[PDB]
$ cat protein.tsv   # TSV, C-alpha atoms
chain	number	residue	atom	x	y	z
A	1	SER	CA	11.99	-31.27	-9.61
A	2	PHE	CA	15.34	-29.68	-8.77
A	3	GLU	CA	13.93	-26.36	-7.52
A	4	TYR	CA	11.05	-27.95	-5.62
A	5	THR	CA	10.72	-28.84	-1.95
A	6	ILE	CA	8.74	-31.44	-0.03
A	7	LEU	CA	8.07	-31.45	3.70
A	8	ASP	CA	10.05	-34.11	5.54
A	9	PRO	CA	11.12	-34.91	9.14
B	1	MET	CA	-1.56	18.93	-15.00
B	2	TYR	CA	-2.40	19.46	-11.31
B	3	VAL	CA	-5.69	19.45	-9.39
B	4	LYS	CA	-6.81	20.80	-6.02
B	5	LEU	CA	-8.52	18.49	-3.51
B	6	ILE	CA	-10.09	20.36	-0.59
B	7	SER	CA	-10.74	18.45	2.63
B	8	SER	CA	-13.70	19.02	4.93
B	9	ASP	CA	-11.70	21.17	7.37
B	10	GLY	CA	-10.45	23.46	4.59
B	11	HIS	CA	-7.05	21.93	3.82
B	12	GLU	CA	-6.09	22.27	0.15
B	13	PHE	CA	-4.19	19.31	-1.33
B	14	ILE	CA	-2.62	19.96	-4.73
B	15	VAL	CA	-2.05	16.68	-6.57
B	16	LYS	CA	-1.11	15.73	-10.12
B	17	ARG	CA	-4.13	15.20	-12.38
B	18	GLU	CA	-3.11	11.68	-13.42
B	19	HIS	CA	-2.52	10.77	-9.77
B	20	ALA	CA	-5.96	12.01	-8.67
B	21	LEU	CA	-7.43	10.10	-11.63
B	22	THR	CA	-6.66	6.93	-9.66
B	23	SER	CA	-10.07	7.43	-8.04
B	24	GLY	CA	-13.04	6.81	-10.32
B	25	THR	CA	-15.12	9.22	-8.24
B	26	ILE	CA	-12.68	12.09	-8.79
B	27	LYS	CA	-12.51	11.20	-12.49
B	28	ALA	CA	-16.32	11.16	-12.61
B	29	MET	CA	-16.58	14.72	-11.23
B	30	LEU	CA	-14.13	16.06	-13.84
B	31	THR	CA	-12.83	21.26	-12.93
B	32	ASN	CA	-9.34	21.69	-11.41
B	33	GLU	CA	-10.90	21.87	-7.92
B	34	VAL	CA	-12.98	19.32	-5.99
B	35	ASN	CA	-14.43	19.65	-2.49
B	36	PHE	CA	-14.94	16.79	-0.02
B	37	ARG	CA	-17.41	17.63	2.77
B	38	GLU	CA	-16.95	14.28	4.56
B	39	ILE	CA	-13.21	13.51	4.26
B	40	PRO	CA	-11.04	15.25	6.89
B	41	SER	CA	-7.51	16.39	6.14
B	42	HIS	CA	-5.67	13.66	8.05
B	43	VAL	CA	-7.52	11.11	5.90
B	44	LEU	CA	-7.36	12.99	2.58
B	45	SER	CA	-3.60	13.42	3.01
B	46	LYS	CA	-3.21	9.64	3.34
B	47	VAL	CA	-5.46	9.16	0.30
B	48	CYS	CA	-3.12	11.39	-1.70
B	49	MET	CA	-0.23	9.28	-0.40
B	50	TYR	CA	-2.00	6.20	-1.78
B	51	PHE	CA	-2.31	7.93	-5.16
B	52	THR	CA	1.47	8.39	-5.40
B	53	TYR	CA	1.97	4.86	-4.06
B	54	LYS	CA	-0.39	3.49	-6.72
B	55	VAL	CA	1.06	5.41	-9.68
B	56	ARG	CA	4.66	4.61	-8.70
B	57	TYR	CA	4.02	0.88	-8.33
B	58	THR	CA	1.64	0.30	-11.25
B	59	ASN	CA	3.83	-1.48	-13.83
B	60	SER	CA	7.26	-1.31	-12.18
B	61	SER	CA	9.37	-4.45	-11.80
B	62	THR	CA	10.64	-3.49	-8.33
B	63	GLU	CA	9.19	-5.05	-5.19
B	64	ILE	CA	6.11	-3.22	-3.94
B	65	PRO	CA	6.47	-1.99	-0.34
B	66	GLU	CA	3.75	-2.14	2.28
B	67	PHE	CA	1.46	0.87	2.55
B	68	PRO	CA	1.40	1.80	6.27
B	69	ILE	CA	-2.06	2.35	7.75
B	70	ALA	CA	-2.39	3.09	11.46
B	71	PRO	CA	-5.39	1.43	13.15
B	72	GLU	CA	-6.55	4.85	14.39
B	73	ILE	CA	-7.24	5.87	10.77
B	74	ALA	CA	-8.19	2.58	9.08
B	75	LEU	CA	-11.93	2.96	9.72
B	76	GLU	CA	-12.08	6.51	8.36
B	77	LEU	CA	-9.75	5.64	5.48
B	78	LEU	CA	-11.94	2.67	4.53
B	79	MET	CA	-15.00	4.93	4.29
B	80	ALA	CA	-13.15	7.51	2.18
B	81	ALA	CA	-11.65	4.87	-0.12
B	82	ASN	CA	-15.08	3.37	-0.79
B	83	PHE	CA	-16.52	6.82	-1.52
B	84	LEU	CA	-13.64	7.53	-3.92
B	85	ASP	CA	-13.48	4.00	-5.44
B	86	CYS	CA	-9.74	3.39	-5.28
C	1	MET	CA	16.28	7.68	-7.29
C	2	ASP	CA	13.31	10.01	-6.84
C	3	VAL	CA	12.38	11.90	-3.66
C	4	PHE	CA	8.72	12.28	-2.69
C	5	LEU	CA	7.82	15.48	-0.85
C	6	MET	CA	4.94	17.31	0.82
C	7	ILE	CA	5.39	21.05	0.23
C	8	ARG	CA	3.25	22.61	2.96
C	9	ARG	CA	2.34	26.20	3.80
C	10	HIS	CA	-0.62	27.30	5.93
C	11	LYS	CA	-3.37	24.88	4.90
C	12	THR	CA	-1.93	24.30	1.41
C	13	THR	CA	-0.09	21.04	0.73
C	14	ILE	CA	1.67	20.11	-2.52
C	15	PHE	CA	2.35	16.46	-3.37
C	16	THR	CA	5.28	16.36	-5.79
C	17	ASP	CA	8.42	14.38	-6.56
C	18	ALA	CA	11.97	15.24	-7.56
C	19	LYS	CA	15.28	13.46	-8.02
C	20	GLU	CA	17.62	13.35	-5.03
C	21	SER	CA	20.33	14.99	-7.16
C	22	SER	CA	18.11	17.96	-8.04
C	23	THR	CA	18.74	21.33	-6.40
C	24	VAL	CA	16.55	23.29	-4.00
C	25	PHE	CA	16.25	26.06	-6.60
C	26	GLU	CA	14.69	23.65	-9.11
C	27	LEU	CA	12.24	22.61	-6.39
C	28	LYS	CA	11.24	26.27	-6.00
C	29	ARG	CA	10.69	26.32	-9.77
C	30	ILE	CA	8.19	23.48	-9.27
C	31	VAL	CA	6.38	25.57	-6.64
C	32	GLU	CA	6.42	28.50	-9.07
C	33	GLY	CA	4.45	26.64	-11.75
C	34	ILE	CA	1.77	25.75	-9.17
C	35	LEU	CA	1.41	28.71	-6.80
C	36	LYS	CA	2.54	31.43	-9.27
C	37	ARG	CA	5.39	32.71	-7.10
C	38	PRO	CA	8.98	33.09	-8.38
C	39	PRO	CA	11.79	31.46	-6.37
C	40	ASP	CA	13.11	34.83	-5.14
C	41	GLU	CA	9.95	35.08	-3.00
C	42	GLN	CA	10.25	31.54	-1.59
C	43	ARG	CA	11.97	30.13	1.51
C	44	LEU	CA	12.04	26.33	1.77
C	45	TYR	CA	12.57	24.69	5.16
C	46	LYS	CA	13.36	21.20	6.36
C	47	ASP	CA	11.75	21.33	9.80
C	48	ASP	CA	13.22	24.61	11.07
C	49	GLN	CA	16.45	24.78	9.03
C	50	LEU	CA	16.42	26.93	5.90
C	51	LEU	CA	17.61	25.33	2.66
C	52	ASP	CA	20.02	26.96	0.21
C	53	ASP	CA	19.08	26.96	-3.47
C	54	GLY	CA	22.48	25.58	-4.48
C	55	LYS	CA	22.48	22.50	-2.27
C	56	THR	CA	20.97	19.32	-3.66
C	57	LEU	CA	17.98	17.68	-2.01
C	58	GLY	CA	20.34	14.92	-0.88
C	59	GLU	CA	22.60	17.45	0.84
C	60	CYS	CA	19.53	18.78	2.69
C	61	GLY	CA	18.61	15.41	4.21
C	62	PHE	CA	15.93	14.20	1.75
C	63	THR	CA	17.25	10.75	0.92
C	64	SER	CA	15.35	8.29	-1.26
C	65	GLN	CA	15.24	5.75	1.59
C	66	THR	CA	13.04	8.10	3.67
C	67	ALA	CA	10.97	10.29	1.30
C	68	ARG	CA	8.99	7.40	-0.18
C	69	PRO	CA	5.56	7.64	-1.85
C	70	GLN	CA	3.78	5.91	1.05
C	71	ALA	CA	5.31	8.44	3.48
C	72	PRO	CA	6.60	11.66	1.88
C	73	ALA	CA	8.93	14.05	3.65
C	74	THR	CA	7.53	17.43	4.67
C	75	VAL	CA	9.05	20.68	3.36
C	76	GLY	CA	7.87	23.95	4.87
C	77	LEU	CA	7.31	26.88	2.52
C	78	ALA	CA	7.14	30.60	3.34
C	79	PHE	CA	6.25	33.48	1.03
C	80	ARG	CA	7.63	37.02	1.02
C	81	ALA	CA	4.93	39.69	1.30
C	82	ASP	CA	5.98	43.28	0.61
C	83	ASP	CA	9.21	44.02	2.45
C	84	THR	CA	10.04	40.95	4.55
C	85	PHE	CA	9.52	37.19	4.63
C	86	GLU	CA	6.66	35.77	6.67
C	87	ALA	CA	7.18	33.24	9.44
C	88	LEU	CA	6.91	29.60	8.40
C	89	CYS	CA	3.42	28.47	9.36
C	90	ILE	CA	2.04	25.01	8.71
C	91	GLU	CA	-1.51	24.32	9.85
C	92	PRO	CA	-1.75	20.81	11.35
C	93	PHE	CA	-4.08	18.18	9.96
C	94	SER	CA	-7.15	16.95	11.81
C	95	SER	CA	-6.95	14.28	14.50
C	96	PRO	CA	-8.41	10.76	14.42
C	97	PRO	CA	-11.13	9.92	16.95
C	98	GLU	CA	-10.96	7.34	19.71
C	99	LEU	CA	-11.00	3.75	18.51
C	100	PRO	CA	-14.04	1.51	19.06
C	101	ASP	CA	-14.01	-1.04	21.86
C	102	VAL	CA	-13.26	-3.95	19.52
C	103	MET	CA	-9.92	-2.45	18.42
D	1	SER	CA	-22.39	-27.40	0.07
D	2	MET	CA	-20.77	-29.83	-2.35
D	3	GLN	CA	-17.02	-29.84	-2.94
D	4	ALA	CA	-17.19	-28.05	-6.31
D	5	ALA	CA	-18.89	-25.03	-4.72
D	6	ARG	CA	-16.43	-25.09	-1.81
D	7	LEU	CA	-13.49	-25.05	-4.23
D	8	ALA	CA	-15.02	-22.19	-6.24
D	9	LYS	CA	-15.34	-19.99	-3.14
D	10	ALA	CA	-11.72	-20.80	-2.28
D	11	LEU	CA	-10.55	-19.73	-5.75
D	12	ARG	CA	-12.47	-16.44	-5.73
D	13	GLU	CA	-10.65	-15.29	-2.59
D	14	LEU	CA	-7.35	-16.23	-4.24
D	15	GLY	CA	-8.04	-13.54	-6.83
D	16	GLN	CA	-8.77	-10.98	-4.11
D	17	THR	CA	-5.34	-11.41	-2.47
D	18	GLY	CA	-3.09	-9.55	-4.89
D	19	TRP	CA	-0.25	-12.07	-4.55
D	20	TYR	CA	-1.64	-14.63	-7.02
D	21	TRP	CA	0.63	-14.65	-10.07
D	22	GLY	CA	-1.41	-16.95	-12.31
D	23	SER	CA	0.60	-18.88	-14.89
D	24	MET	CA	3.99	-17.82	-13.54
D	25	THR	CA	6.81	-20.23	-14.33
D	26	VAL	CA	9.36	-21.75	-11.96
D	27	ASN	CA	12.24	-19.56	-13.15
D	28	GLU	CA	10.11	-16.41	-13.35
D	29	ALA	CA	9.39	-16.82	-9.64
D	30	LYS	CA	13.11	-17.34	-8.96
D	31	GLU	CA	13.90	-13.87	-10.31
D	32	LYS	CA	11.11	-12.02	-8.49
D	33	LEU	CA	12.25	-13.56	-5.18
D	34	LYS	CA	16.02	-13.65	-5.75
D	35	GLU	CA	16.61	-10.42	-3.79
D	36	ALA	CA	13.49	-10.40	-1.61
D	37	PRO	CA	13.83	-10.63	2.19
D	38	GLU	CA	13.61	-14.07	3.75
D	39	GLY	CA	10.04	-15.33	4.03
D	40	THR	CA	8.65	-13.40	1.05
D	41	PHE	CA	6.20	-15.65	-0.79
D	42	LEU	CA	3.71	-15.80	-3.63
D	43	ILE	CA	1.19	-18.30	-4.99
D	44	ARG	CA	0.89	-19.34	-8.63
D	45	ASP	CA	-0.54	-22.01	-10.89
D	46	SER	CA	1.30	-25.32	-10.73
D	47	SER	CA	2.64	-26.45	-14.10
D	48	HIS	CA	2.17	-30.03	-12.85
D	49	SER	CA	-1.03	-31.84	-13.79
D	50	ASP	CA	-1.55	-33.31	-10.29
D	51	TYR	CA	-1.53	-29.92	-8.51
D	52	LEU	CA	-3.48	-26.68	-8.80
D	53	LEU	CA	-1.32	-24.19	-6.89
D	54	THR	CA	2.31	-23.78	-5.87
D	55	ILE	CA	3.94	-21.62	-3.19
D	56	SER	CA	7.15	-19.89	-4.27
D	57	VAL	CA	8.92	-18.62	-1.14
D	58	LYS	CA	12.29	-16.95	-0.62
D	59	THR	CA	14.40	-18.65	2.06
D	60	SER	CA	17.83	-17.79	3.43
D	61	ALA	CA	19.34	-20.34	1.01
D	62	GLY	CA	17.43	-18.94	-1.98
D	63	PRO	CA	14.00	-19.14	-3.60
D	64	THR	CA	12.21	-22.48	-3.55
D	65	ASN	CA	8.82	-23.92	-4.45
D	66	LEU	CA	6.29	-26.03	-2.56
D	67	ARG	CA	3.13	-27.38	-4.19
D	68	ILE	CA	-0.32	-27.38	-2.59
D	69	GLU	CA	-2.37	-30.57	-2.70
D	70	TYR	CA	-6.16	-30.63	-3.04
D	71	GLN	CA	-7.67	-33.90	-1.80
D	72	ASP	CA	-11.14	-34.48	-0.31
D	73	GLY	CA	-11.99	-30.79	-0.53
D	74	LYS	CA	-9.09	-29.60	1.64
D	75	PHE	CA	-5.89	-27.75	0.79
D	76	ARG	CA	-2.62	-28.86	2.38
D	77	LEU	CA	1.11	-28.59	1.83
D	78	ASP	CA	2.88	-31.27	-0.18
D	79	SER	CA	4.51	-33.78	2.17
D	80	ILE	CA	5.57	-37.43	2.30
D	81	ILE	CA	3.34	-40.29	1.19
D	82	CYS	CA	1.25	-40.72	4.37
D	83	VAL	CA	4.22	-40.48	6.75
D	84	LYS	CA	3.07	-36.96	7.71
D	85	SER	CA	-0.14	-36.58	5.69
D	86	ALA	CA	-2.51	-35.94	8.61
D	87	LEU	CA	-1.68	-32.25	9.01
D	88	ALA	CA	-3.23	-28.79	8.72
D	89	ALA	CA	-5.92	-28.74	6.02
D	90	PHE	CA	-8.48	-26.06	5.19
D	91	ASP	CA	-11.25	-25.49	2.66
D	92	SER	CA	-9.64	-22.15	1.71
D	93	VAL	CA	-6.12	-21.97	0.31
D	94	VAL	CA	-5.80	-18.36	1.50
D	95	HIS	CA	-6.76	-19.65	4.95
D	96	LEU	CA	-3.97	-22.21	4.60
D	97	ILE	CA	-1.46	-19.47	3.79
D	98	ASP	CA	-2.74	-17.12	6.51
D	99	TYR	CA	-2.50	-20.01	8.99
D	100	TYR	CA	1.21	-20.51	8.32
D	101	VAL	CA	2.02	-16.78	8.23
D	102	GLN	CA	0.50	-16.27	11.68
D	103	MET	CA	2.31	-19.37	12.97
D	104	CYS	CA	5.69	-17.82	12.21
D	105	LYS	CA	4.68	-14.54	13.83
D	106	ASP	CA	6.79	-15.56	16.83
D	107	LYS	CA	10.26	-15.38	15.26
D	108	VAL	CA	11.63	-28.36	6.58
D	109	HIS	CA	9.33	-26.02	8.49
D	110	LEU	CA	7.76	-23.39	6.24
D	111	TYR	CA	8.54	-19.75	7.06
D	112	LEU	CA	6.26	-17.11	5.51
D	113	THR	CA	6.23	-13.39	6.30
D	114	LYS	CA	5.03	-10.84	3.74
D	115	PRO	CA	3.56	-11.63	0.31
D	116	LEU	CA	4.91	-10.31	-2.99
D	117	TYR	CA	2.09	-8.35	-4.61
D	118	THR	CA	1.71	-8.33	-8.38
D	119	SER	CA	0.48	-4.72	-8.36
D	120	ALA	CA	-0.49	-2.18	-5.73
D	121	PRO	CA	-3.89	-3.30	-4.38
D	122	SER	CA	-6.86	-1.01	-3.84
D	123	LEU	CA	-6.90	1.32	-0.84
D	124	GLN	CA	-10.15	-0.36	0.22
D	125	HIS	CA	-8.48	-3.77	0.38
D	126	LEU	CA	-5.49	-2.27	2.18
D	127	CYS	CA	-7.79	-0.94	4.91
D	128	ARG	CA	-9.51	-4.33	5.17
D	129	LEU	CA	-6.14	-5.97	5.88
D	130	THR	CA	-5.31	-3.38	8.55
D	131	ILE	CA	-8.76	-3.86	10.12
D	132	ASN	CA	-8.48	-7.66	10.03
D	133	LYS	CA	-5.18	-7.44	11.94
D	134	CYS	CA	-6.86	-5.52	14.80
D	135	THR	CA	-10.26	-7.14	15.40
D	136	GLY	CA	-12.50	-9.85	14.01
D	137	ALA	CA	-15.78	-8.38	15.27
D	138	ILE	CA	-17.25	-6.55	12.28
D	139	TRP	CA	-20.53	-5.93	14.14
D	140	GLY	CA	-18.73	-3.82	16.74
D	141	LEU	CA	-17.46	-1.43	14.07
D	142	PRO	CA	-19.01	1.98	13.25
D	143	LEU	CA	-19.45	1.22	9.55
D	144	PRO	CA	-22.43	1.10	7.19
D	145	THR	CA	-23.58	-2.45	6.50
D	146	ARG	CA	-22.39	-2.05	2.90
D	147	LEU	CA	-18.80	-1.99	4.18
D	148	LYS	CA	-19.46	-4.71	6.77
D	149	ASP	CA	-20.42	-6.91	3.82
D	150	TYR	CA	-17.10	-5.96	2.21
D	151	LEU	CA	-15.11	-6.97	5.30
D	152	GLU	CA	-16.69	-10.45	5.36
D	153	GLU	CA	-15.61	-11.35	1.82
D	154	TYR	CA	-11.97	-11.28	3.01
D	155	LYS	CA	-11.38	-12.01	6.71
D	156	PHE	CA	-7.70	-13.00	6.48
D	157	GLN	CA	-4.68	-11.08	7.75
D	158	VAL	CA	-2.35	-11.71	4.79

$ encode --input "protein.tsv" --output "structure tokens"
Amino acid sequence: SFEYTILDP
Amino acid sequence: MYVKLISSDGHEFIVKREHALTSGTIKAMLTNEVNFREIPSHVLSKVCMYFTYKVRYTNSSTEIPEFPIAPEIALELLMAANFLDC
Amino acid sequence: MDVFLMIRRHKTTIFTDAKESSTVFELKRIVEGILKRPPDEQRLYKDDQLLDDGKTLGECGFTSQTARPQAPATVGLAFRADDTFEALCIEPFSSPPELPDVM
Amino acid sequence: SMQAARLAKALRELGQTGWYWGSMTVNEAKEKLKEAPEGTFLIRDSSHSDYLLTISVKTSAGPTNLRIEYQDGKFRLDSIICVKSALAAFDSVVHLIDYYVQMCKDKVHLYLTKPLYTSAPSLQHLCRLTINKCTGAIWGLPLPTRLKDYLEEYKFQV
């Protein structure tokens, strides 16, 4: 959610 | 309240009882004085350092620091830690 | 914050802790309950410098950021026999062997 | 070896690490990493149904969380839908963490340094970590085979 990260270029 | 741990080369290490009770082997052989015919002083001193490190950071909410182990001692320390079960 | 020390004399070594705001005299009282020697017969050293009973452990150089459990600070101890004080003698620990080829 | 056995071996090592915090919540991890140095990480159960584990890591901008996906018997970091989904995957989740820690040994992209232990681990396990950082040849070590068996159950450096 708000405190989560995904890996992106 | 205190116990005496004697290394193989004759060095006497005086530790707190509850700190030495970190090792199940020391607890098993308990008194007030225990000899170690196969653990030299430079290894038994580090083991006592681990005892204080273990008791201090058992249930504390502060971040646990790394326990430094030089590679020159890791092999001997691994054999002593397995013999002491800690 | 506590200070973690190694009180060493000859081949004896005492693992004990004290608060940084505690005095050297109270540290000698800790040695008294272990080695059965009153503080008047004790001389505590940091390396070669003698420590005064009034000064706090912080004033002697034993800060909490250095005398940690995983690496305690060493304090030399000398006893008084008969008339005079003995010289501070600390027997060194053993030495590790040569590492195997893989390391 | 079928996938279920492979996953079980991966989960047993997770319990041998000492930085597995179980059912830790998102905000509980925020407090344990609020003042930690940059790169400090831990692994915990994911409160999401589609994920098993989650990495909580402290960055320069504050603590964050990154879930770990388990698909086709391989662990991998959560990333975009197939845009960058062919990436580093391992049968062991500890291997996955150790892989990224060693990658940032030089000096968005994940930056891991030292783990946040739950409690002080055993002195035996602490020696194993120091030994694993020096050599990987257990046969060339002067140890009884009882300890050589111990060193094989955990061959990682973190």

$ interface_residues --input "protein.tsv" --of "chain B" --to "chain D" --cutoff "12 Å" --atoms "all atoms listed in the file" --output "number ranges by chain"
B: 22-24, 43, 46-86

$ atom_distance --input "protein.tsv" --atom1 "atom CA of residue 80 of chain D" --atom2 "atom CA of residue 102 of chain D"
23.7 Å

$ atom_distance --input "protein.tsv" --atom1 "atom CA of residue 70 of chain C" --atom2 "atom CA of residue 103 of chain D"
28.0 Å

$ closest_atom_pairs --input "protein.tsv" --of "chain D" --to "chain A" --cutoff "7 Å" --atoms "all atoms listed in the file" --output "JSON lines"
{"residue": "D:64", "atom": "CA", "partner": "A:3", "partner_atom": "CA", "distance": 5.8}
{"residue": "D:65", "atom": "CA", "partner": "A:4", "partner_atom": "CA", "distance": 4.8}
{"residue": "D:66", "atom": "CA", "partner": "A:5", "partner_atom": "CA", "distance": 5.3}
{"residue": "D:78", "atom": "CA", "partner": "A:6", "partner_atom": "CA", "distance": 5.9}
{"residue": "D:79", "atom": "CA", "partner": "A:7", "partner_atom": "CA", "distance": 4.5}
{"residue": "D:80", "atom": "CA", "partner": "A:8", "partner_atom": "CA", "distance": 6.4}
{"residue": "D:108", "atom": "CA", "partner": "A:7", "partner_atom": "CA", "distance": 5.5}

$ write_last_selection --input "protein.tsv" --atoms "C-alpha atoms" --output "PDB file, in the frame of the given file"
ATOM      1  CA  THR D  64      12.210 -22.480  -3.550  1.00  0.00           C
ATOM      2  CA  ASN D  65       8.820 -23.920  -4.450  1.00  0.00           C
ATOM      3  CA  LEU D  66       6.290 -26.030  -2.560  1.00  0.00           C
ATOM      4  CA  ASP D  78       2.880 -31.270  -0.180  1.00  0.00           C
ATOM      5  CA  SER D  79       4.510 -33.780   2.170  1.00  0.00           C
ATOM      6  CA  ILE D  80       5.570 -37.430   2.300  1.00  0.00           C
ATOM      7  CA  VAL D 108      11.630 -28.360   6.580  1.00  0.00           C
TER       8      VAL D 108
END

$ closest_atom_pairs --input "protein.tsv" --of "chain C" --to "chain B" --cutoff "7 Å" --atoms "only C-alpha atoms" --output "JSON lines"
{"residue": "C:11", "atom": "CA", "partner": "B:11", "partner_atom": "CA", "distance": 4.8}
{"residue": "C:12", "atom": "CA", "partner": "B:12", "partner_atom": "CA", "distance": 4.8}
{"residue": "C:13", "atom": "CA", "partner": "B:13", "partner_atom": "CA", "distance": 4.9}
{"residue": "C:14", "atom": "CA", "partner": "B:14", "partner_atom": "CA", "distance": 4.8}
{"residue": "C:15", "atom": "CA", "partner": "B:15", "partner_atom": "CA", "distance": 5.4}
{"residue": "C:69", "atom": "CA", "partner": "B:53", "partner_atom": "CA", "distance": 5.0}
{"residue": "C:70", "atom": "CA", "partner": "B:49", "partner_atom": "CA", "distance": 5.4}
{"residue": "C:71", "atom": "CA", "partner": "B:49", "partner_atom": "CA", "distance": 6.8}
{"residue": "C:93", "atom": "CA", "partner": "B:42", "partner_atom": "CA", "distance": 5.2}
{"residue": "C:94", "atom": "CA", "partner": "B:42", "partner_atom": "CA", "distance": 5.2}
{"residue": "C:95", "atom": "CA", "partner": "B:42", "partner_atom": "CA", "distance": 6.6}
{"residue": "C:96", "atom": "CA", "partner": "B:72", "partner_atom": "CA", "distance": 6.2}
{"residue": "C:99", "atom": "CA", "partner": "B:72", "partner_atom": "CA", "distance": 6.2}

$ residues_around --input "protein.tsv" --residues "segment 78-92 of chain C" --least-positions-apart "2" --cutoff "6 Å" --atoms "only C-alpha atoms" --output "JSON, numbers by chain"
{"C": [9, 10, 11, 41, 42, 43]}

$ atom_distance --input "protein.tsv" --atom1 "atom CA of residue 22 of chain C" --atom2 "atom CA of residue 33 of chain B"
29.3 Å

$ closest_atom_pairs --input "protein.tsv" --of "chain C" --to "chain D" --cutoff "12 Å" --atoms "all atoms listed in the file" --output "CSV"
residue,atom,partner,partner_atom,distance
C:70,CA,D:120,CA,11.4
C:97,CA,D:142,CA,11.8
C:98,CA,D:142,CA,11.6
C:99,CA,D:141,CA,9.4
C:100,CA,D:141,CA,6.7
C:101,CA,D:140,CA,7.5
C:102,CA,D:135,CA,6.0
C:103,CA,D:135,CA,5.6

$ residues_near_point --input "protein.tsv" --point "(19.4, 21.5, 1.8)" --cutoff "12 Å" --atoms "all atoms listed in the file" --output "PyMOL selection string"
chain C and resi 20-25+27+43-63+75

$ write_last_selection --input "protein.tsv" --atoms "C-alpha atoms" --output "PDB file, keeping the file's coordinate frame"
ATOM      1  CA  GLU C  20      17.620  13.350  -5.030  1.00  0.00           C
ATOM      2  CA  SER C  21      20.330  14.990  -7.160  1.00  0.00           C
ATOM      3  CA  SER C  22      18.110  17.960  -8.040  1.00  0.00           C
ATOM      4  CA  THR C  23      18.740  21.330  -6.400  1.00  0.00           C
ATOM      5  CA  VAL C  24      16.550  23.290  -4.000  1.00  0.00           C
ATOM      6  CA  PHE C  25      16.250  26.060  -6.600  1.00  0.00           C
ATOM      7  CA  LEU C  27      12.240  22.610  -6.390  1.00  0.00           C
ATOM      8  CA  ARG C  43      11.970  30.130   1.510  1.00  0.00           C
ATOM      9  CA  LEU C  44      12.040  26.330   1.770  1.00  0.00           C
ATOM     10  CA  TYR C  45      12.570  24.690   5.160  1.00  0.00           C
ATOM     11  CA  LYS C  46      13.360  21.200   6.360  1.00  0.00           C
ATOM     12  CA  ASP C  47      11.750  21.330   9.800  1.00  0.00           C
ATOM     13  CA  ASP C  48      13.220  24.610  11.070  1.00  0.00           C
ATOM     14  CA  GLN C  49      16.450  24.780   9.030  1.00  0.00           C
ATOM     15  CA  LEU C  50      16.420  26.930   5.900  1.00  0.00           C
ATOM     16  CA  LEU C  51      17.610  25.330   2.660  1.00  0.00           C
ATOM     17  CA  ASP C  52      20.020  26.960   0.210  1.00  0.00           C
ATOM     18  CA  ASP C  53      19.080  26.960  -3.470  1.00  0.00           C
ATOM     19  CA  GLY C  54      22.480  25.580  -4.480  1.00  0.00           C
ATOM     20  CA  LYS C  55      22.480  22.500  -2.270  1.00  0.00           C
ATOM     21  CA  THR C  56      20.970  19.320  -3.660  1.00  0.00           C
ATOM     22  CA  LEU C  57      17.980  17.680  -2.010  1.00  0.00           C
ATOM     23  CA  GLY C  58      20.340  14.920  -0.880  1.00  0.00           C
ATOM     24  CA  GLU C  59      22.600  17.450   0.840  1.00  0.00           C
ATOM     25  CA  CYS C  60      19.530  18.780   2.690  1.00  0.00           C
ATOM     26  CA  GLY C  61      18.610  15.410   4.210  1.00  0.00           C
ATOM     27  CA  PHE C  62      15.930  14.200   1.750  1.00  0.00           C
ATOM     28  CA  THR C  63      17.250  10.750   0.920  1.00  0.00           C
ATOM     29  CA  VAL C  75       9.050  20.680   3.360  1.00  0.00           C
TER      30      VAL C  75
END
